[PDB]
Amino acid sequence: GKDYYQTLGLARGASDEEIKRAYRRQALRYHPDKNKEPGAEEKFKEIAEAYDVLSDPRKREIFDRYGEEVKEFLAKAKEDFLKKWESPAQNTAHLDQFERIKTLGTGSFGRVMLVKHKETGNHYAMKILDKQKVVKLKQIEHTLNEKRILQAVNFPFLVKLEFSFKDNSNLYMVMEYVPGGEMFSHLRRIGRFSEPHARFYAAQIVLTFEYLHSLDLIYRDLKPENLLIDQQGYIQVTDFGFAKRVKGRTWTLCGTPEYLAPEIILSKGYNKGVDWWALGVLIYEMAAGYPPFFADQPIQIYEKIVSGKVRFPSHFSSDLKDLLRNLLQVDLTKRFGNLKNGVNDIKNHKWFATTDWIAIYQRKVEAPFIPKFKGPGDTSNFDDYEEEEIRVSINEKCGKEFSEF
Amino acid sequence: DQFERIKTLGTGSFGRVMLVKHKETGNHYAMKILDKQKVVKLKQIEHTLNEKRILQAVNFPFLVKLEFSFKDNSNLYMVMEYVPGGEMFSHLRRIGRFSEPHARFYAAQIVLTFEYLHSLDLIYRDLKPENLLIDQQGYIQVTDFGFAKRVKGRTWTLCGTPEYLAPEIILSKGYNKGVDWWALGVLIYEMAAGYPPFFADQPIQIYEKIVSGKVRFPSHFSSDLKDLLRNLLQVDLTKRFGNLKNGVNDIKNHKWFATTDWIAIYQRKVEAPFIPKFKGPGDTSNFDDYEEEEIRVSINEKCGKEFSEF
Amino acid sequence: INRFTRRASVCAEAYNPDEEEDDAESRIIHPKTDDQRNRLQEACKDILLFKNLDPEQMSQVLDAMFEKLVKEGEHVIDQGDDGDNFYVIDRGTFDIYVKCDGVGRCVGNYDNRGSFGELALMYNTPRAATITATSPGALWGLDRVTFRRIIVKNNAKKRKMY
Amino acid sequence: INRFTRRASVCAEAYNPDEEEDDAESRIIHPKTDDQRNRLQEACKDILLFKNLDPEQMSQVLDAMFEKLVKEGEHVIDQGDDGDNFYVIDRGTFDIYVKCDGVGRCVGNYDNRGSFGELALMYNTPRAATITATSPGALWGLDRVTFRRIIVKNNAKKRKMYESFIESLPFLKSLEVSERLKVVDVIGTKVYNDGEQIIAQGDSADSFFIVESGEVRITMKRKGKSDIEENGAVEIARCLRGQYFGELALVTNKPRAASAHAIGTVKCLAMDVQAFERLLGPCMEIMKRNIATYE
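Each protein sequence line maps, in turn, to chains A, B, C and D.
Using our numbering, you'd call the opening residue of the first sequence number 1057 and step up by one each time.
Using our numbering, you'd call the opening residue of the second sequence number 377 and step up by one each time.
Using our numbering, you'd call the opening residue of the third sequence number 21 and step up by one each time.
Using our numbering, you'd call the opening residue of the fourth sequence number 318 and step up by one each time.
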């Protein structure tokens, strides 16, 4: 991470000009004879290592090659993303193919159900949406993002969505199957994870956050329901229509109504760092044992959010307490995510004493406890729901408004 | 069916209550339907029989009249005098909390009705804020008396509500008066703190709090009743200082309670500290906007031989 | 300000052991092995009802017990009918699916650990939730009628004699 | 174990920032008296949204406020229907009834305070309350459409007005298009009257500030610099709505230049190097890249 050229300020040819100035600055900053707090020793050691390696290209050649490879990979990823954005896709789906079985869960946006293919025959999930509720609210901008997100997928975490199908008054989107269940149900059943499980969850959260930030794609939506556990022993995210990348600011408030930071409640801008805050309170549910807001009226929730005060029962960890105490001001200006790379202060923190993202990059680490897989159609882990068929008349209702799909 | 109905007045586990107009005189009255469905599905004939036997020869200012009672081939309708005004819980929730005189008057009325019930050997049993009616003249009335008993004796009945119990009722232990006193210690709390007494998302926490007697001193509470609340919760009853059999020589000699002129209160003369605002016959501003459910009359005889005492 | 839940009554059968019924000393003991009783006592010696009880009553309750073999996939209890039984967590995974407003949701799976069903013995209440058996097992079917009758009879006899 | 809760999707109205055309100043006009305006301002100050708003937006909302006269026994707003209005009880008392499993339980009323349907403006949601008339009265407020439009217009004006005033400075080459928004958001606002010294003399000048509105005459004590002995108005660098000062303070490291002086009502920003040192770090290493200019 720490480039040897940027540590002391040198171009391609590290000469004996600014090296002395950098060494003097480093010595004036870090001083073992005067300073003794933790964290400074590692920084001083890294600075000394960079200084001694800058004088010998034999040790900086590997770092230069790694940086060049990282830059080439980033450029290739950006080119692929641009090509996918500039490449449309449609007319690759049909209704007479997948037959529904039962309902899995409906909400204020869509209904996920179980379907089976008529050709091969395999259980899968299908999200159905009705344009009747979207026409009244007018949310075509959020739905248009899915047309491009369907193709913008080049990572394991990114669920490779299937081809969608728009009807006269209904839309269907097939996705992968999740024999396991959701994390919210497991948390409500247990209510208190151990140390290994919490560490694994934090590592997965950091990994998915880094993956989402690499593409500069605002997550926007965030809730416990957006976290499914697959039978392979991993975590997956759902509902990506809310994602969007705009040069300017935005104002579409929709996603975290309860876990809303005090910076957006006043109808103001925000950045991707808020995604951590809205999720930080979630960690409380996996530490204390009860919900964060012990009230029912939105006024009490807003007063508790604006009032910088969080309890600390005799059940939290050592580093988690410090992490929660560091973030308490109203105007979160010293955020740990709003940095250059955004993967230094969080990884170097005491909470992540031992981590290894390379092992998870290739997907080869068995989860602590994988849900029981009782063969295909093992919908016992997921929550049940009443059956509700599609009772809509076959009639066109504004087709031009739903052309791009 | 010699009564013209107007609009429903209430629906719940206790039953249904509507408003009727006397055809022989023209006056708004309340009509409570026994239904008997839940009674046969839950067995509640003993409580009704006890209430009937009690009301057969019981009359006091803190009681509702029994004017005309009607039994059909499969239903029963009890008529009573309507008291426009509404319950005090609605006003308490709308405002927030009352003052010290209000709590003093409430405690005075509570001890008065307790003494009246003890004079003839009776037990109130159930006690909730949804059983009070304030008229315009200040005459307070109590409703819902099915949860009672003729003679105290020594039984092992289990009823009431989870929000008003004590360890003596969880494992029946007679509780000739603890159920009517221990739980009362929390009632004042409902009319003191700015939030309900019990606030938990599971009955286990409520049971643990009821078993572990400990009042949480609110952030804003008067120091006068603090000492009283710190001791209202107890196991036995003989250790309680203010708990004489008379019940008048203990509350009057208290710290805050001293100028409680019970002579003028028991005679129904002193006006209430908060009189409801009237408007017309059968007001509805104080009551909720509840709607009327599906009503059904009798068809044939199904359980008419139940209350075979009239 | 708040949803304000209802406050329905919790009345039940007024068991007056004095001149009811005709039989007497109807204990109906059902002995079993010693290992099962020893394993069940570890969990029975921690409930609020048994935390303060005479040893004789605890021994009688431990002796009186009926077993029921439940296979995989059997809706023996469903949210709707009245509830009169106390099921003890003996062995096997059992999912508690509650019909939250007509929607099934897992409350807390029990696997030879914990304790539930005691609420049914507190008062007349319908079924708590659906107990789905994921695999075969042997549960304890303790009815409500038996528990209050001796538990009150012993106290009455002790108060009459002692 | 727990009562639990639903996880329903929430919604808010959208907007097109590219649409800059709007009303001239306000559609509804109804200037009330002074006492009523003061009472409305005092009642609105208790709201959290009005804690950071400036007097300009408050006056705009007061001028665009809409008054509605409600008589006795009148009924317009009802539960279930999509909420599309908002009012405030200026006087009187009106009890609000909310549904509770088929029972319209009461919640309370207000008396020259409160705000019926204050949350409806934060997001589109069905009517979660029910109002009822009691006596003749007047309610002040504004619908959700116009309120959201005015809020978004003010936000866009505050976001776009500030930046164009720094792009002209040739010094600005390191900041990217994404950091400009963060810098504009971090910039605050402060007001200084006449005589109020912005900063005492002899302080460690190691920051940068730009004047927003109001001329600022920088002066110092005539002593070291060869000039008139009698102290007075030194011709250092009069800053105005366009000029800049404080840039030459990271590499030069010259002695105390001078001290500013706010003449009358002067509005300035509130930048800080701490916020800039979080991402790009100290500007000393960033400004060294463009050495061809300073050399």
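For every residue, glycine included, the Cβ atom is placed at its ideal position computed from N, Cα and C.
Opening and closing residue of the alpha helix (DSSP H) in which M588(D) lies: Counting along the chain, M588(D) falls outside any alpha helix (DSSP H), and DSSP gives it neither H nor E.
**Asked** In chain order, which beta strand (DSSP E) runs of at least 3 residues are fully inside the region 1314 to 1375 of chain A?
**Response** none
Exercise. Report the option in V420(D), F383(D), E391(D) and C417(D) whose CA atom is closest to the CA atom of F403(D).
Key: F383(D)
For a cutoff of 8 Å on Cβ pairs, would you count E602(D) as touching chain A? yes
Rounded to a whole number of angstroms, what is the C-alpha to C-alpha distance between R1080(A) and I535(D)? 36 Å
Could you pull out every unbroken alpha helix (DSSP H) segment of at least 4 residues lying fully inside the region 330 to 413 of chain D, listed in chain order?
351 to 362 and 372 to 381
Check: By Cβ distance, which residues of its chain are closer than 8 Å to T387(B), with the 5 residues on each side in sequence left out?
Finding: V393, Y666 and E669
| query | Beta-carbon separation of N369(D) and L1322(A) under 8 Å? | reply | yes
Could you name the residues of the same chain whose beta carbon sits closer than 6 Å to that of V1330(A), not counting the 5 residues immediately before and after it, in chain order?
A1317
| request: Go ahead and pull the three-state DSSP assignment for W1413(A). | output: helix
Checklist entry - Name the DSSP bridge partner or partners of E496(D)? => result Note: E496(D) sits in no beta bridge, so no partner.
- Where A148(C) meets chain G, residues with beta-carbon distance less than 9 Å: In the structure shown, chain G cannot be found, because the protein chains are A, B, C and D.
Worksheet item: Going by Cα to Cα distance, which pick from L1214(A), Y1086(A), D1152(A) and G1177(A) is closest to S1270(A)?
Response: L1214(A)
Interface partners of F1165(A) on chain D, CB under 7 Å | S326
| field | Outcome for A550(D) when other beta-carbon atoms lying within 10 angstroms are tallied against a minimum of 16 | value | exposed
### Message
Considering Cα atoms alone, identify which of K678(B), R644(B) and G529(B) is closest to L488(B).
### Response
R644(B)
Using a Cβ-Cβ distance under 8 Å, would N426(D) count as near chain B? With 8 Å as the cut-off, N426(D) counts as an interface residue toward chain B.
Fill in: Buried or exposed by the 16-neighbour rule on C-beta atoms within 10 Å, applied to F1265(A)
buried
Quiz item: So, helix, strand or coil for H1253(A), using DSSP?
Solution: Assigned with DSSP and collapsed to three states, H1253(A) falls in helix.
Inset, instruction - Quick one: list the residues of chain D neighbouring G1304(A), beta-carbon separation under 7 Å, in chain order. - result: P334
- Query: Residues in its own chain within less than 8 Å of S1449(A) by CB, not counting five upstream and five downstream?
  - Reply: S1225
Backbone CA spacing between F1408(A) and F1256(A) [nearest angstrom]:
10 Å
>> Counting only beta-carbon separations shorter than 8 Å, does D603(B) have a partner in chain D?
In response: no
One question on the structure: do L565(D) and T506(D) come within less than 8 Å of each other, judged by their Cβ atoms? no
Check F390(B) in the structure and name its three-state DSSP category.
coil
For this session: Identify each residue in the region 645 to 674 of chain B for which the Cβ-Cβ distance to at least one residue of chain D is less than 8 Å, and report them in chain order.
Result: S661, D664, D665, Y666 and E667
Cβ closer than 8 Å: which chain D residues qualify as neighbours of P1280(A)? Chain D residues near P1280(A): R324.
Inset, instruction - Would you mind sorting residue 620(D) into buried or exposed? The rule is 16 or more other CB atoms within 10 Å of its CB. - result: In the structure as shown, chain D starts at 318 and stops at 612, and residue 620(D) therefore has no counterpart that could be examined.
For this session: Starting from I21(C), find everything on chain D with Cβ-Cβ shorter than 7 Å and list it in chain order.
Result: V424
Should the region 450 to 468 of chain D be called in touch with the region 387 to 403 of chain D, which here means at least 3 C-beta pairs below 8 Å?
Output reads yes: the region 387 to 403 of chain D touches the region 450 to 468 of chain D.
- Query: Would you say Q1353(A) reaches chain C, if we count a Cβ-Cβ gap shorter than 8 Å as a contact?
  - Reply: yes
Next on the checklist: Does the CB of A566(D) have a neighbour CB from chain A at under 8 Å?
Outcome noted: no
*Out of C1310(A), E1074(A), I1261(A) and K1365(A), state which residue places its alpha-carbon closest to the alpha-carbon of residue 1004(A).*
The requested residue 1004(A) is not part of the displayed model; chain A covers only 1057 to 1461.
Practice item. Check each candidate in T152(C), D163(C), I49(C) and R23(C) and name the one with the smallest Cα separation from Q80(C). Key: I49(C)
- request: Could you please give the first and the last residue of the uninterrupted alpha helix (DSSP H) stretch that includes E1124(A)?
  value: Its alpha helix (DSSP H) spans residues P1113 to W1141.
ask   = Helix, strand or coil for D1378(A) per DSSP?
value = Look at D1378(A) here: in three-state DSSP terms it is helix.
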